């Protein structure tokens, strides 16, 4: 009822947060090794490239514009459908021939673990 939960302004990054993140396990501040399950599906079809383990630094030149902007406001244990614009996401400069030029494709961001630097030698 009445559109999706939007971070940018008019549309573009439309992250509808379905499961929030339960009390105790809550959103991380900017400087943590944060881990997501990101499965990519098409605008008019189904799963294009299903990649379940993406570990990365919070607020860093690594992930797409659709992830990095909504990444400081992600409560620990979410399941949230990100309908991202083609210039913000992988589309023309992206991951071809699987992910196409143009078309705003959906990608579900499910937060697994927010860990502050995991040291293992």
Picking from 43, 53, which residue would you name as being surrounded by fewer than 17 Cβ atoms within 10 Å (Cβ to Cβ) and in a strand (DSSP E or B)?
53
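Only residues that are surrounded by 10 or more Cβ atoms within 10 Å (Cβ to Cβ) and either free of Cβ contacts under 8 Å to residues at least 24 places away in the same chain or in contact with a strand residue (DSSP E or B) (Cβ under 6 Å, 6 or more places away or on another chain) (or both): list them for the range 112-121, please.
Once the filter is applied, which keeps residues that are surrounded by 10 or more Cβ atoms within 10 Å (Cβ to Cβ) and either free of Cβ contacts under 8 Å to residues at least 24 places away in the same chain or in contact with a strand residue (DSSP E or B) (Cβ under 6 Å, 6 or more places away or on another chain) (or both), the range 112-121 yields 112, 113, 114, 115.
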Sole miss for residue 16 among (1) surrounded by fewer than 17 Cβ atoms within 10 Å (Cβ to Cβ); (2) within 16 Å of the chain's Cα centre (by Cα); (3) assigned to a loop (DSSP other than H, G, I, E, B); (4) in contact (Cβ under 8 Å) with a residue 40 or more places away in the chain is condition (3)
Those residues that are crowded, with 19+ Cβ neighbours inside 10 Å and in a loop (DSSP other than H, G, I, E, B), I need them from the range 87-111; list them, please.
89, 90, 91, 99, 105
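When we count neighbours, we look across all protein chains shown, and the Cβ atoms used for this are built from the backbone with ideal geometry, even at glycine. Computed from the coordinates by the stated procedures, all read-outs in this text should not be read as laboratory data.
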